[PDB]
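Enquirer: Quick one: this structure, given as structure tokens, is what I'll be asking you about.
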Amino acid sequence: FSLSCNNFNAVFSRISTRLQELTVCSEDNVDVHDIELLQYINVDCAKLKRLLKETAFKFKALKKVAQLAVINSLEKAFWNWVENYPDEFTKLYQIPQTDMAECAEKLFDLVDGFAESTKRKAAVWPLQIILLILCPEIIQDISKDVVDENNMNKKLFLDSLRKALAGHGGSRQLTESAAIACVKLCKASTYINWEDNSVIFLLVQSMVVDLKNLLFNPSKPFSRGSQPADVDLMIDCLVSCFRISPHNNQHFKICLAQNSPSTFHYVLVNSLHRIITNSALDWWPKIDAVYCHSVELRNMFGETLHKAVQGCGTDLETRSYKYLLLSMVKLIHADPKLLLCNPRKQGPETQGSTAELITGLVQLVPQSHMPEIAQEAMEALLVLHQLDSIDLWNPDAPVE
């Protein structure tokens, strides 16, 4: 990456030749390691146009494995641009640029022609969305009557996407694929300042209600087919929704309840752990908007601690409690104030809320069964002793 910020032409010359070579061969070849360099090279808006234009010309003549390879890499290159240059992504909606829209639209049709079977469709849907977003006007036209061919192809794309997301279609593959695709659309929306308030925001609201019913449904958890539930997918969904409408979060409570599975409790404690440590854009909501929930989190740290020491003295179920506990301790190490708010204060017959938590951490230091938690619980107690965090123990009377 660092070797491509300046000498972009040097790196880009290796890829361009490879595509030409793969065009000549009449037999599909499985050597595409050179194509997959796009995942890493630094990219900019102007440079990103260069990758789209060149790929458009040659995508019609490549082979099956090459065609798939260019798609995935070209899909990941987009997020390197948005992550590193958020500003340029915003301007794309304040001031229209007809050059970017044309490049995205042309590549859209070629990809659509490639996909004809259900299995192929599941592979390309996550990319096309990223392209339809780049040409804002085509989205608006779909709302009204549809041109014969300019936008008829794109309009059919959405209706197929929503139908599969709800689950009416009899195809598990597409249902899972639509979940992956629509979570990327929500993620990208956050960068748009929404002062434009383009149809993007109105488009997200249409699916957000249908996405959560599919993911945060305790009765029928969403499993790809191998794992009990794809946790990493749910973290992205919950972290992105919070940033859109922080205060009106009715699905924070679903995870925060005690009756919910133990997998949801895992998603909620790592979603909070990204808001704390990964927040570049300023106008996003911050961790302060969650301090009203400190009471529930302390209780969740109570039972989990109780059921982890007790278990060590089902096998799989007990193993879960050790992962949830390890993550909660890492949370205190990042923002202690999230758990030392709304103190209970010392009671005539009951101990305070700060001591109850402080003692819990100590009883993990001398453990030998859990050598990795005992290492983390030491760091947490060493961060609560800093002069900054000592006022929070009891602001009424700290020294005593």
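Ordering of the structure tokens sets the chain letters (A, B, ...), residue numbers begin anew at 1 in every chain, and ligands are numbered from 1 in the order given.
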With only C-alpha atoms as the counted atoms, please give the residues lying no more than 12 Å from segment 77-81 of chain A, apart from itself and same-chain residues fewer than 5 positions off, as an MDAnalysis selection string.
Expert: chainID A and resid 1 36:49 51:52 70:72 86:90 104 126:131 133:134 184:185 187:188 191
Enquirer: For the residues in that selection, give me C-alpha atoms as a PDB file, in the first residue's frame.
Expert:
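Output file again.pdb follows:
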```pdb
ATOM      1  CA  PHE A   1       0.000   0.000   0.000  1.00  0.00           C
ATOM      2  CA  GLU A  36      -5.949  -9.615  -7.130  1.00  0.00           C
ATOM      3  CA  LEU A  37      -3.540  -6.754  -6.442  1.00  0.00           C
ATOM      4  CA  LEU A  38      -6.380  -4.217  -6.610  1.00  0.00           C
ATOM      5  CA  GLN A  39      -7.381  -5.171  -3.058  1.00  0.00           C
ATOM      6  CA  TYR A  40      -4.302  -3.409  -1.663  1.00  0.00           C
ATOM      7  CA  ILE A  41      -3.169  -0.559  -3.926  1.00  0.00           C
ATOM      8  CA  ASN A  42      -4.056   2.945  -2.786  1.00  0.00           C
ATOM      9  CA  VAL A  43      -6.922   4.403  -4.817  1.00  0.00           C
ATOM     10  CA  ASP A  44      -8.379   7.861  -5.434  1.00  0.00           C
ATOM     11  CA  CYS A  45     -11.498   9.085  -7.217  1.00  0.00           C
ATOM     12  CA  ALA A  46      -9.592  10.028 -10.369  1.00  0.00           C
ATOM     13  CA  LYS A  47      -7.570   6.811 -10.266  1.00  0.00           C
ATOM     14  CA  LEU A  48     -10.686   4.772  -9.476  1.00  0.00           C
ATOM     15  CA  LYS A  49     -12.179   5.919 -12.784  1.00  0.00           C
ATOM     16  CA  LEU A  51      -9.734   1.019 -13.074  1.00  0.00           C
ATOM     17  CA  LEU A  52     -13.403   0.989 -14.097  1.00  0.00           C
ATOM     18  CA  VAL A  70     -11.907  -9.073 -11.099  1.00  0.00           C
ATOM     19  CA  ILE A  71     -15.342  -8.663  -9.503  1.00  0.00           C
ATOM     20  CA  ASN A  72     -14.362  -9.350  -5.892  1.00  0.00           C
ATOM     21  CA  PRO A  86     -14.571  10.286   2.834  1.00  0.00           C
ATOM     22  CA  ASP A  87     -14.774  13.859   1.542  1.00  0.00           C
ATOM     23  CA  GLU A  88     -14.662  12.948  -2.144  1.00  0.00           C
ATOM     24  CA  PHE A  89     -17.490  10.457  -1.638  1.00  0.00           C
ATOM     25  CA  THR A  90     -19.698  13.224  -0.247  1.00  0.00           C
ATOM     26  CA  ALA A 104     -20.355   2.876 -13.349  1.00  0.00           C
ATOM     27  CA  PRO A 126     -22.898  -7.314  -3.543  1.00  0.00           C
ATOM     28  CA  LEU A 127     -21.053  -5.462  -6.326  1.00  0.00           C
ATOM     29  CA  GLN A 128     -23.906  -4.126  -8.462  1.00  0.00           C
ATOM     30  CA  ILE A 129     -25.344  -2.243  -5.488  1.00  0.00           C
ATOM     31  CA  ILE A 130     -22.032  -0.431  -5.068  1.00  0.00           C
ATOM     32  CA  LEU A 131     -22.328   0.593  -8.724  1.00  0.00           C
ATOM     33  CA  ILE A 133     -25.108   3.958  -5.810  1.00  0.00           C
ATOM     34  CA  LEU A 134     -22.475   5.708  -7.926  1.00  0.00           C
ATOM     35  CA  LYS A 184     -23.288  -2.810   2.552  1.00  0.00           C
ATOM     36  CA  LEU A 185     -25.809  -0.262   1.278  1.00  0.00           C
ATOM     37  CA  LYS A 187     -22.887   1.064   5.663  1.00  0.00           C
ATOM     38  CA  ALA A 188     -22.216   3.351   2.697  1.00  0.00           C
ATOM     39  CA  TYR A 191     -20.896   8.721   4.792  1.00  0.00           C
TER      40      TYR A 191
END
```
Enquirer: So which residues touch residue 200 of chain A within 9 Å, counting only C-alpha atoms, skipping near sequence neighbours fewer than 6 positions away, as a ChimeraX atom specification?
Expert: /A:133,136,139,185,189,192,194
Enquirer: Could you please determine the separation between atom CA of residue 333 of chain A and atom CA of residue 383 of chain A in Å, to one decimal place?
Expert: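 Value for the atom CA of residue 333 of chain A-atom CA of residue 383 of chain A distance: 6.6 Å.
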Enquirer: Would you please extract all helix (DSSP H, G or I) residues from segment 19-221 of chain A, as assigned by DSSP on the backbone, and give them as a VMD selection string?
Expert: chain A and resid 19 to 24 35 to 39 45 to 58 64 to 84 86 to 94 98 to 114 118 to 132 136 to 143 152 to 166 172 to 189 199 to 215
Enquirer: Which residues are close to segment 247-260 of chain A, i.e. within 12 Å by only C-alpha atoms, leaving aside same-chain residues fewer than 5 positions away? Reply as a PDB file with C-alpha atoms, in the first residue's frame.
Expert:
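So the final result, stored in selection-v5.pdb, reads:
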```pdb
ATOM      1  CA  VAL A 208     -33.941  -1.474   7.346  1.00  0.00           C
ATOM      2  CA  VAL A 209     -37.169  -2.730   8.923  1.00  0.00           C
ATOM      3  CA  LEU A 211     -33.300  -6.483   7.518  1.00  0.00           C
ATOM      4  CA  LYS A 212     -33.556  -6.626  11.311  1.00  0.00           C
ATOM      5  CA  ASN A 213     -36.490  -9.044  11.260  1.00  0.00           C
ATOM      6  CA  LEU A 215     -31.069 -10.947  11.617  1.00  0.00           C
ATOM      7  CA  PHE A 216     -32.272 -10.068  15.139  1.00  0.00           C
ATOM      8  CA  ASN A 217     -34.981 -12.730  15.386  1.00  0.00           C
ATOM      9  CA  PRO A 218     -34.308 -14.872  18.481  1.00  0.00           C
ATOM     10  CA  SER A 219     -36.845 -17.548  17.529  1.00  0.00           C
ATOM     11  CA  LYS A 220     -35.075 -18.333  14.222  1.00  0.00           C
ATOM     12  CA  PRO A 221     -31.418 -17.239  14.301  1.00  0.00           C
ATOM     13  CA  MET A 234     -24.673  -8.697  12.647  1.00  0.00           C
ATOM     14  CA  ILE A 235     -22.053  -6.358  14.123  1.00  0.00           C
ATOM     15  CA  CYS A 237     -25.808  -4.159  10.793  1.00  0.00           C
ATOM     16  CA  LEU A 238     -26.140  -2.930  14.376  1.00  0.00           C
ATOM     17  CA  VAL A 239     -23.193  -0.530  14.268  1.00  0.00           C
ATOM     18  CA  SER A 240     -24.477   1.104  11.082  1.00  0.00           C
ATOM     19  CA  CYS A 241     -28.086   1.539  12.208  1.00  0.00           C
ATOM     20  CA  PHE A 242     -27.007   3.210  15.453  1.00  0.00           C
ATOM     21  CA  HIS A 265     -25.030 -10.520  23.978  1.00  0.00           C
ATOM     22  CA  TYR A 266     -21.776 -11.072  22.097  1.00  0.00           C
ATOM     23  CA  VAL A 267     -22.807  -8.789  19.220  1.00  0.00           C
ATOM     24  CA  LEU A 268     -23.863  -5.960  21.527  1.00  0.00           C
ATOM     25  CA  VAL A 269     -20.575  -5.755  23.442  1.00  0.00           C
ATOM     26  CA  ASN A 270     -18.392  -5.583  20.315  1.00  0.00           C
ATOM     27  CA  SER A 271     -20.663  -3.146  18.496  1.00  0.00           C
ATOM     28  CA  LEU A 272     -20.164  -0.762  21.414  1.00  0.00           C
ATOM     29  CA  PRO A 285     -23.160  10.203  17.046  1.00  0.00           C
ATOM     30  CA  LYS A 286     -20.739   9.280  19.814  1.00  0.00           C
ATOM     31  CA  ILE A 287     -20.631   6.894  22.759  1.00  0.00           C
ATOM     32  CA  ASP A 288     -22.188   9.515  25.045  1.00  0.00           C
ATOM     33  CA  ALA A 289     -25.659   8.639  23.748  1.00  0.00           C
ATOM     34  CA  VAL A 290     -25.507   5.217  25.458  1.00  0.00           C
ATOM     35  CA  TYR A 291     -24.666   6.239  29.032  1.00  0.00           C
ATOM     36  CA  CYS A 292     -28.349   5.951  29.939  1.00  0.00           C
ATOM     37  CA  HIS A 293     -27.964   2.148  29.709  1.00  0.00           C
ATOM     38  CA  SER A 294     -25.057   1.676  32.129  1.00  0.00           C
ATOM     39  CA  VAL A 295     -27.371   0.003  34.648  1.00  0.00           C
ATOM     40  CA  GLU A 296     -28.129  -2.962  32.390  1.00  0.00           C
ATOM     41  CA  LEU A 297     -24.509  -3.487  31.352  1.00  0.00           C
ATOM     42  CA  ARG A 298     -23.330  -3.817  34.950  1.00  0.00           C
ATOM     43  CA  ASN A 299     -25.984  -6.472  35.571  1.00  0.00           C
ATOM     44  CA  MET A 300     -24.892  -8.332  32.435  1.00  0.00           C
ATOM     45  CA  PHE A 301     -21.329  -8.257  33.758  1.00  0.00           C
ATOM     46  CA  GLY A 302     -22.674  -9.723  36.991  1.00  0.00           C
ATOM     47  CA  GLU A 303     -24.337 -12.889  35.741  1.00  0.00           C
ATOM     48  CA  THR A 304     -21.678 -13.591  33.114  1.00  0.00           C
TER      49      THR A 304
END
```
Enquirer: Excluding residue 329 of chain A and residues on its chain fewer than 4 positions from it, collect all residues at most 7 Å away from it, counting only C-alpha atoms, and give them as a PyMOL selection string.
Expert: chain A and resi 325+333+376-377+380
Enquirer: With N, CA and C atoms retained, write the just-selected residues as an mmCIF file, in the first residue's frame.
Expert:
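As written to disk, again38.cif reads:
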```cif
data_model
loop_
_atom_site.group_PDB
_atom_site.id
_atom_site.type_symbol
_atom_site.label_atom_id
_atom_site.label_comp_id
_atom_site.auth_asym_id
_atom_site.auth_seq_id
_atom_site.Cartn_x
_atom_site.Cartn_y
_atom_site.Cartn_z
ATOM 1 N N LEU A 325 -17.358 -13.025 28.547
ATOM 2 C CA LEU A 325 -16.666 -12.378 29.656
ATOM 3 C C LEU A 325 -15.396 -11.685 29.190
ATOM 4 N N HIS A 333 -11.547 -1.623 29.592
ATOM 5 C CA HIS A 333 -10.219 -1.116 29.285
ATOM 6 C C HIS A 333 -10.253 0.038 28.291
ATOM 7 N N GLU A 376 -6.025 -9.662 30.983
ATOM 8 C CA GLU A 376 -6.830 -8.494 30.646
ATOM 9 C C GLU A 376 -7.379 -7.808 31.889
ATOM 10 N N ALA A 377 -7.871 -8.580 32.858
ATOM 11 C CA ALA A 377 -8.419 -7.983 34.069
ATOM 12 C C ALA A 377 -7.380 -7.174 34.829
ATOM 13 N N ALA A 380 -7.412 -3.628 33.050
ATOM 14 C CA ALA A 380 -8.588 -2.836 33.391
ATOM 15 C C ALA A 380 -8.408 -2.145 34.735
#
```
Enquirer: Give me, please, the distance in Å between atom CA of residue 166 of chain A and atom CA of residue 210 of chain A, quoted to one decimal.
Expert: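 Pair atom CA of residue 166 of chain A / atom CA of residue 210 of chain A returns 6.5 Å.
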Enquirer: Excluding same-chain residues fewer than 2 positions from residue 323 of chain A, what lies within 10 Å of it counting only C-alpha atoms, as a PyMOL selection string?
Expert: chain A and resi 266+304+308+318-321+325-328+373
Enquirer: Mind pulling up the distance from atom CA of residue 366 of chain A to atom CA of residue 345 of chain A?
Expert: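 About the pair atom CA of residue 345 of chain A and atom CA of residue 366 of chain A: they are 28.0 Å apart.
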